[PDB]
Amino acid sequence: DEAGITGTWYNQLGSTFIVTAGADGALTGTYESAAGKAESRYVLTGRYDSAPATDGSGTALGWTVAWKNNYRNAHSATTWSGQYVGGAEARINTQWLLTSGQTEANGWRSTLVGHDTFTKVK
């Protein structure tokens, strides 16, 4: 599934995730968000299970983007946790957490949760 994961993915928001999966579990790449306080591409890094089971289960993975690049600093970071499912309609199904830098008093309002689905077309 190194082969399966590596490439360009798109989510339902129009965001673009470009990733290379390394042989021993690394994910590296760039993320471009169609939504929020984001412009251009941001570095991403993450991990995947390089030896998934072969019972039709997906391949567990995750990655993080900190929302800082040369154009913008959104004082926040998102992590996506999910799985890759291969085949003719290959998908990466995720849930994510977006934490923004807040005072310790405003900690309760720091973290958004949502869900993105990534496909190889759009």
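Start at 1 with the first residue shown and count on from there.
The stretch 31 to 39 shows the higher mean C-alpha B-factor when 31 to 39 is compared against 65 to 73 in the entry. The question of which stretch, 112 to 120 or 2 to 10, has the higher mean Cα B factor is settled in favour of 2 to 10.
You'll see in the entry that, of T45, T59, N93, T54, the Cα B factor peaks at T54. Of the candidates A21, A105, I18, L98, the one whose C-alpha carries the top B factor in the deposited record is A105. Compared with the other modelled residues of the chain, the Cα B-factor recorded for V85 ranks in the middle third.
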